[PDB]
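**Q** Input structure: work07.csv, which contains CSV, N, CA, C and O atoms and all ligand atoms.
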```csv
chain,number,residue,atom,x,y,z
N,1,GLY,N,114.9,103.1,95.2
N,1,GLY,CA,113.9,102.0,95.2
N,1,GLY,C,113.1,102.0,94.0
N,1,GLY,O,112.7,103.1,93.5
N,2,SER,N,112.7,100.9,93.5
N,2,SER,CA,111.9,100.8,92.3
N,2,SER,C,110.5,101.1,92.6
N,2,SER,O,109.7,101.3,91.7
N,3,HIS,N,110.1,101.1,93.9
N,3,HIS,CA,108.7,101.4,94.3
N,3,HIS,C,108.4,102.9,94.1
N,3,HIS,O,108.8,103.8,94.8
N,4,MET,N,107.8,103.1,93.0
N,4,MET,CA,107.4,104.5,92.6
N,4,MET,C,105.9,104.4,92.3
N,4,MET,O,105.1,104.8,93.2
N,5,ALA,N,105.5,103.8,91.2
N,5,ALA,CA,104.1,103.6,90.8
N,5,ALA,C,104.0,102.9,89.5
N,5,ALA,O,104.1,103.6,88.4
N,6,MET,N,104.0,101.6,89.5
N,6,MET,CA,103.9,100.8,88.3
N,6,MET,C,102.4,100.7,88.0
N,6,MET,O,101.7,99.7,88.4
N,7,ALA,N,101.9,101.8,87.5
N,7,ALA,CA,100.5,101.9,87.2
N,7,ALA,C,100.4,103.2,86.4
N,7,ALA,O,101.4,103.8,86.1
N,8,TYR,N,99.2,103.6,86.0
N,8,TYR,CA,99.0,104.7,85.2
N,8,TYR,C,98.8,106.0,86.1
N,8,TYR,O,97.8,106.6,86.2
N,9,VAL,N,99.9,106.3,86.8
N,9,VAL,CA,100.1,107.4,87.7
N,9,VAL,C,101.5,107.9,87.6
N,9,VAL,O,102.4,107.1,87.6
N,10,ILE,N,101.7,109.2,87.6
N,10,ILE,CA,103.0,109.8,87.6
N,10,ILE,C,102.9,111.0,88.6
N,10,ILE,O,101.8,111.4,89.0
N,11,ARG,N,104.0,111.6,88.9
N,11,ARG,CA,104.0,112.8,89.8
N,11,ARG,C,104.5,113.9,89.0
N,11,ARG,O,105.4,113.8,88.1
N,12,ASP,N,104.1,115.1,89.3
N,12,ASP,CA,104.5,116.3,88.6
N,12,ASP,C,105.8,116.8,89.4
N,12,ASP,O,106.2,116.2,90.3
N,13,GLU,N,106.3,118.0,88.9
N,13,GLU,CA,107.5,118.5,89.6
N,13,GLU,C,107.2,119.0,91.0
N,13,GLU,O,108.1,119.0,91.9
N,14,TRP,N,105.9,119.3,91.3
N,14,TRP,CA,105.6,119.7,92.7
N,14,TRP,C,105.4,118.4,93.5
N,14,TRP,O,105.7,118.4,94.7
N,15,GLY,N,104.9,117.4,92.9
N,15,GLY,CA,104.7,116.1,93.6
N,15,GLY,C,103.3,115.7,93.7
N,15,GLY,O,102.9,114.9,94.6
N,16,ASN,N,102.5,116.2,92.8
N,16,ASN,CA,101.1,115.8,92.8
N,16,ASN,C,101.0,114.6,91.9
N,16,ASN,O,101.8,114.4,91.0
N,17,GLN,N,100.0,113.8,92.2
N,17,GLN,CA,99.7,112.6,91.3
N,17,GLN,C,99.0,113.0,90.1
N,17,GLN,O,98.0,113.7,90.2
N,18,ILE,N,99.5,112.7,89.0
N,18,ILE,CA,98.9,112.9,87.7
N,18,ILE,C,98.5,111.5,87.2
N,18,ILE,O,99.4,110.7,87.1
N,19,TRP,N,97.3,111.3,87.1
N,19,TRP,CA,96.8,110.1,86.6
N,19,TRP,C,96.8,110.0,85.1
N,19,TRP,O,96.6,111.0,84.4
N,20,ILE,N,97.2,108.9,84.6
N,20,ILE,CA,97.3,108.6,83.2
N,20,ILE,C,96.1,107.7,82.9
N,20,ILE,O,95.8,106.8,83.6
N,21,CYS,N,95.4,108.1,81.8
N,21,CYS,CA,94.3,107.3,81.4
N,21,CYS,C,94.8,106.1,80.6
N,21,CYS,O,95.5,106.2,79.6
N,22,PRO,N,94.5,104.8,81.1
N,22,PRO,CA,95.0,103.6,80.4
N,22,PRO,C,94.2,103.4,79.1
N,22,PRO,O,94.5,102.5,78.3
N,23,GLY,N,93.2,104.2,78.9
N,23,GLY,CA,92.4,104.1,77.7
N,23,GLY,C,93.1,104.6,76.5
N,23,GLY,O,93.2,103.9,75.5
N,24,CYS,N,93.7,105.8,76.6
N,24,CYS,CA,94.4,106.4,75.4
N,24,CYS,C,95.9,106.5,75.7
N,24,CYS,O,96.6,106.7,74.7
N,25,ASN,N,96.3,106.3,76.9
N,25,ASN,CA,97.7,106.4,77.4
N,25,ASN,C,98.1,107.9,77.5
N,25,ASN,O,99.2,108.3,77.5
N,26,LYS,N,97.0,108.8,77.6
N,26,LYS,CA,97.3,110.2,77.8
N,26,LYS,C,97.1,110.5,79.3
N,26,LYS,O,96.3,110.0,80.0
N,27,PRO,N,97.9,111.5,79.7
N,27,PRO,CA,97.8,112.0,81.1
N,27,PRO,C,96.6,112.9,81.3
N,27,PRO,O,96.0,113.3,80.3
N,28,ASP,N,96.3,113.2,82.5
N,28,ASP,CA,95.3,114.1,82.8
N,28,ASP,C,95.7,115.5,82.5
N,28,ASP,O,96.8,115.9,82.9
N,29,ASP,N,94.8,116.2,81.9
N,29,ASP,CA,95.1,117.6,81.5
N,29,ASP,C,94.3,118.6,82.4
N,29,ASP,O,94.3,119.8,82.2
N,30,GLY,N,93.7,118.0,83.4
N,30,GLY,CA,92.9,118.7,84.2
N,30,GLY,C,91.5,118.5,83.7
N,30,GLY,O,90.7,119.4,83.7
N,31,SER,N,91.3,117.3,83.4
N,31,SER,CA,90.1,116.9,82.7
N,31,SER,C,89.2,116.1,83.7
N,31,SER,O,89.7,115.5,84.7
N,32,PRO,N,87.9,116.0,83.5
N,32,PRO,CA,87.0,115.2,84.2
N,32,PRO,C,87.3,113.7,84.0
N,32,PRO,O,87.3,113.2,82.8
N,33,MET,N,87.7,113.0,85.0
N,33,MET,CA,88.0,111.6,84.9
N,33,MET,C,87.1,110.8,85.8
N,33,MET,O,86.5,111.4,86.8
N,34,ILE,N,86.9,109.6,85.5
N,34,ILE,CA,86.1,108.7,86.3
N,34,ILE,C,86.9,107.6,86.9
N,34,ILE,O,87.8,107.1,86.2
N,35,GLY,N,86.7,107.4,88.2
N,35,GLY,CA,87.4,106.3,88.8
N,35,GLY,C,86.5,105.1,88.9
N,35,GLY,O,85.3,105.3,89.2
N,36,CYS,N,87.1,104.0,88.7
N,36,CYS,CA,86.3,102.8,88.8
N,36,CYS,C,86.1,102.5,90.3
N,36,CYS,O,86.8,102.9,91.2
N,37,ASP,N,85.0,101.8,90.5
N,37,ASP,CA,84.6,101.4,91.8
N,37,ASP,C,85.3,100.1,92.3
N,37,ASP,O,85.1,99.7,93.4
N,38,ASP,N,86.1,99.5,91.4
N,38,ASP,CA,86.8,98.3,91.8
N,38,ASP,C,88.3,98.5,91.8
N,38,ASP,O,88.9,98.4,92.9
N,39,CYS,N,88.8,98.8,90.7
N,39,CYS,CA,90.3,98.9,90.6
N,39,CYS,C,90.7,100.3,91.0
N,39,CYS,O,91.9,100.5,91.3
N,40,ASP,N,89.8,101.3,91.0
N,40,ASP,CA,90.1,102.7,91.4
N,40,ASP,C,91.0,103.3,90.4
N,40,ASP,O,91.8,104.2,90.7
N,41,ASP,N,91.0,102.8,89.1
N,41,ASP,CA,91.8,103.3,88.1
N,41,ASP,C,91.1,104.6,87.5
N,41,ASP,O,89.9,104.7,87.7
N,42,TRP,N,91.8,105.4,86.9
N,42,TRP,CA,91.3,106.7,86.4
N,42,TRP,C,91.4,106.8,84.9
N,42,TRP,O,92.4,107.0,84.4
N,43,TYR,N,90.2,106.8,84.3
N,43,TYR,CA,90.1,107.0,82.9
N,43,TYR,C,89.4,108.3,82.6
N,43,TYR,O,88.7,108.8,83.4
N,44,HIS,N,89.6,108.8,81.4
N,44,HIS,CA,88.9,110.0,81.0
N,44,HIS,C,87.6,109.6,80.5
N,44,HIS,O,87.3,108.4,80.2
N,45,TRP,N,86.7,110.5,80.5
N,45,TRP,CA,85.3,110.3,80.1
N,45,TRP,C,85.1,109.8,78.7
N,45,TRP,O,84.5,108.7,78.4
N,46,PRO,N,85.7,110.5,77.6
N,46,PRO,CA,85.6,110.1,76.2
N,46,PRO,C,86.3,108.8,75.9
N,46,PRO,O,86.3,108.3,74.8
N,47,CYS,N,87.1,108.4,76.9
N,47,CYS,CA,87.8,107.2,76.7
N,47,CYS,C,87.1,105.9,77.2
N,47,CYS,O,87.4,104.8,76.8
N,48,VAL,N,86.1,106.1,78.0
N,48,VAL,CA,85.3,105.0,78.5
N,48,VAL,C,83.8,105.0,78.1
N,48,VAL,O,83.1,104.0,78.2
N,49,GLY,N,83.3,106.2,77.7
N,49,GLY,CA,82.0,106.3,77.3
N,49,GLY,C,81.1,107.1,78.3
N,49,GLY,O,79.9,106.9,78.5
N,50,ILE,N,81.8,107.9,79.1
N,50,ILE,CA,81.1,108.8,80.0
N,50,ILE,C,81.1,110.2,79.4
N,50,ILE,O,82.0,110.6,78.7
N,51,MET,N,80.0,110.9,79.6
N,51,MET,CA,79.8,112.2,79.1
N,51,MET,C,79.3,113.2,80.1
N,51,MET,O,79.5,114.4,80.0
N,52,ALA,N,78.7,112.7,81.1
N,52,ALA,CA,78.2,113.4,82.2
N,52,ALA,C,78.6,112.7,83.5
N,52,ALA,O,78.6,111.5,83.5
N,53,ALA,N,78.8,113.4,84.6
N,53,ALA,CA,79.3,112.8,85.8
N,53,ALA,C,78.2,112.1,86.6
N,53,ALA,O,77.1,112.7,86.9
N,54,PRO,N,78.3,110.8,86.8
N,54,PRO,CA,77.4,110.1,87.7
N,54,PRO,C,77.9,110.3,89.1
N,54,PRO,O,79.1,110.7,89.4
N,55,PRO,N,77.0,110.1,90.1
N,55,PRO,CA,77.3,110.3,91.5
N,55,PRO,C,78.2,109.2,92.0
N,55,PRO,O,78.2,108.1,91.5
N,56,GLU,N,78.8,109.4,93.2
N,56,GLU,CA,79.6,108.4,93.8
N,56,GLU,C,78.8,107.3,94.4
N,56,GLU,O,79.2,106.2,94.7
N,57,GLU,N,77.5,107.6,94.6
N,57,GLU,CA,76.5,106.7,95.1
N,57,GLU,C,76.2,105.6,94.1
N,57,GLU,O,75.9,104.5,94.4
N,58,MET,N,76.3,106.0,92.8
N,58,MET,CA,76.2,105.0,91.7
N,58,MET,C,77.5,104.4,91.4
N,58,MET,O,78.5,105.1,91.3
N,59,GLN,N,77.5,103.2,91.3
N,59,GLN,CA,78.7,102.5,91.0
N,59,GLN,C,79.0,102.4,89.5
N,59,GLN,O,78.0,102.4,88.7
N,60,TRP,N,80.2,102.3,89.2
N,60,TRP,CA,80.6,102.2,87.8
N,60,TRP,C,81.9,101.4,87.7
N,60,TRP,O,82.8,101.5,88.6
N,61,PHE,N,82.0,100.6,86.7
N,61,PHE,CA,83.1,99.7,86.6
N,61,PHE,C,83.6,99.9,85.2
N,61,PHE,O,82.8,99.9,84.2
N,62,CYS,N,84.9,100.0,85.0
N,62,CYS,CA,85.5,100.2,83.7
N,62,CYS,C,85.4,98.9,82.9
N,62,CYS,O,85.1,97.8,83.4
N,63,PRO,N,85.7,98.9,81.5
N,63,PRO,CA,85.8,97.8,80.7
N,63,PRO,C,86.7,96.7,81.2
N,63,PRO,O,86.7,95.5,80.8
N,64,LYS,N,87.6,97.0,82.2
N,64,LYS,CA,88.5,96.1,82.8
N,64,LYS,C,87.7,95.3,83.8
N,64,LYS,O,87.5,94.0,83.6
N,65,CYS,N,87.1,96.0,84.7
N,65,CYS,CA,86.4,95.4,85.8
N,65,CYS,C,85.0,94.8,85.5
N,65,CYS,O,84.6,93.8,85.9
N,66,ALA,N,84.3,95.5,84.7
N,66,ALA,CA,82.9,95.2,84.4
N,66,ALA,C,82.9,93.9,83.5
N,66,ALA,O,81.9,93.2,83.4
N,67,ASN,N,84.0,93.5,82.9
N,67,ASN,CA,84.1,92.4,82.1
N,67,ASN,C,84.3,91.1,82.9
N,67,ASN,O,83.6,90.1,82.6
N,68,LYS,N,85.1,91.2,84.0
N,68,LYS,CA,85.2,90.0,84.9
N,68,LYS,C,83.9,89.8,85.6
N,68,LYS,O,83.5,88.7,85.9
N,69,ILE,N,83.2,90.9,85.9
N,69,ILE,CA,81.9,90.9,86.5
N,69,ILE,C,80.9,90.2,85.5
N,69,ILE,O,80.1,89.4,85.9
N,70,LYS,N,81.1,90.6,84.3
N,70,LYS,CA,80.4,90.1,83.1
N,70,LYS,C,79.0,90.7,83.0
N,70,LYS,O,78.6,91.1,81.9
N,71,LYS,N,78.3,90.9,84.1
N,71,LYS,CA,76.9,91.4,84.2
N,71,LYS,C,76.1,90.4,83.4
N,71,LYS,O,75.6,90.6,82.3
N,72,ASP,N,76.1,89.2,84.0
N,72,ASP,CA,75.4,88.1,83.5
N,72,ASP,C,73.9,88.3,83.4
N,72,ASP,O,73.3,89.2,84.0
N,73,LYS,N,73.3,87.5,82.6
N,73,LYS,CA,71.8,87.6,82.3
N,73,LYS,C,71.0,87.3,83.6
N,73,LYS,O,70.0,88.0,83.8
N,74,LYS,N,71.5,86.4,84.3
N,74,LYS,CA,70.8,86.0,85.5
N,74,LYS,C,70.9,87.1,86.6
N,74,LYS,O,72.0,87.6,86.9
N,75,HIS,N,69.8,87.5,87.1
N,75,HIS,CA,69.7,88.5,88.0
N,75,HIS,C,68.6,88.1,89.0
N,75,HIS,O,67.4,88.1,88.7
B,1,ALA,N,81.3,105.7,91.2
B,1,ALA,CA,81.7,106.4,90.1
B,1,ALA,C,82.2,107.7,90.5
B,1,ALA,O,81.5,108.7,90.6
B,2,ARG,N,83.5,107.8,90.8
B,2,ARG,CA,84.1,109.0,91.3
B,2,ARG,C,84.5,109.8,90.2
B,2,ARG,O,85.3,109.5,89.4
B,3,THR,N,83.8,110.9,90.0
B,3,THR,CA,84.1,111.8,89.0
B,3,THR,C,84.6,113.1,89.5
B,3,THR,O,84.0,113.7,90.4
B,4,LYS,N,85.7,113.6,89.0
B,4,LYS,CA,86.3,114.8,89.4
B,4,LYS,C,87.2,115.3,88.3
B,4,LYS,O,87.7,114.5,87.5
B,5,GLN,N,87.4,116.6,88.3
B,5,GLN,CA,88.2,117.2,87.3
B,5,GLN,C,89.4,117.9,88.1
B,5,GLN,O,89.1,118.7,89.0
B,6,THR,N,90.6,117.6,87.7
B,6,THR,CA,91.7,118.2,88.3
B,6,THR,C,91.9,119.6,87.8
B,6,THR,O,92.8,119.8,87.0
B,7,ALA,N,91.1,120.5,88.2
B,7,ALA,CA,91.1,121.8,87.6
B,7,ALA,C,91.2,122.9,88.6
B,7,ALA,O,90.7,122.9,89.7
B,8,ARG,N,92.0,123.9,88.2
B,8,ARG,CA,92.2,125.1,88.9
B,8,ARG,C,91.3,126.2,88.3
B,8,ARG,O,91.1,127.3,88.8
B,9,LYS,N,90.7,125.8,87.2
B,9,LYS,CA,89.7,126.6,86.5
B,9,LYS,C,88.8,125.7,85.8
B,9,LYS,O,89.3,124.9,84.9
B,10,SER,N,87.5,125.7,86.1
B,10,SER,CA,86.6,124.9,85.4
B,10,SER,C,85.3,125.7,85.2
B,10,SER,O,85.1,126.7,85.9
B,11,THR,N,84.6,125.4,84.1
B,11,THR,CA,83.4,126.2,83.8
B,11,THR,C,82.2,125.4,84.3
B,11,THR,O,81.8,124.4,83.7
B,12,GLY,N,81.6,125.9,85.4
B,12,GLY,CA,80.5,125.2,85.9
B,12,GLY,C,80.9,124.2,87.0
B,12,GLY,O,80.6,124.3,88.1
B,13,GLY,N,81.6,123.2,86.5
B,13,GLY,CA,82.1,122.2,87.4
B,13,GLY,C,81.4,120.9,87.1
B,13,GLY,O,80.4,120.5,87.6
N,101,ZN,ZN,92.0,109.3,78.0
N,102,ZN,ZN,88.1,98.9,87.1
```
As structure tokens, what does this structure read like?
Ligand SMILES: [Zn+2]
Ligand SMILES: [Zn+2]
**A**
Amino acid sequence: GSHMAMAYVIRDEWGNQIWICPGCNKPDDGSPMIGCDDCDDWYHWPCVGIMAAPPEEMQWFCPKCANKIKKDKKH
Amino acid sequence: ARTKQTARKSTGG
């Protein structure tokens, strides 16, 4: 079946999901990654502009999702 | 903002 994972995710030899950062196209090295609150994609910190971990209580959206959101001037 | 490190060894966390 072609249904594997057409996304930035692969499995290792044991069968764990290894997320690939769509930012650099590099896999996870056991690195701190941030998941978007919309697409749930997994990017590395230096790839999106994160340097310290924000809480799950605070939302964050990647350059993918935050762009469609736009974060318009009107608030 | 789900932040986690897939680590079996991390310094601090
Ligand atoms: Zn990356
Ligand atoms: Zn996103």
**Q** Find the residues in chain B near chain N: any atom within 7 Å counts, using only N, CA, C and O atoms. Write them as a list in words.
**A** residues 1, 2, 3, 4, 5, 6, 7, 8 and 9 of chain B
**Q** So how far away is atom CA of residue 41 of chain N from atom ZN of ligand ZN 102 (chain N), in Å?
**A**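 Pair atom ZN of ligand ZN 102 (chain N) / atom CA of residue 41 of chain N returns 5.8 Å.
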**Q** Taking all atoms listed in the file and a cut-off of 5 Å, can you tell me which residues surround ligand ZN 101 (chain N), written as JSON, numbers by chain?
**A** {"N": [21, 24, 26, 44, 47]}
**Q** Got a sec to tell me which of chain N DSSP assigns to helix (DSSP H, G or I), as a list in words?
**A**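 Answer for chain N restricted to helix (DSSP H, G or I) is residues 45, 46, 47, 48, 65, 66, 67, 68 and 69 of chain N.
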**Q** As a list in words, which residues of chain N does DSSP assign to strand (DSSP E)?
**A**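 Taking chain N and keeping strand (DSSP E) only, one gets residues 9, 10, 11, 17, 18, 19, 32, 33, 34, 35, 42, 43 and 44 of chain N.
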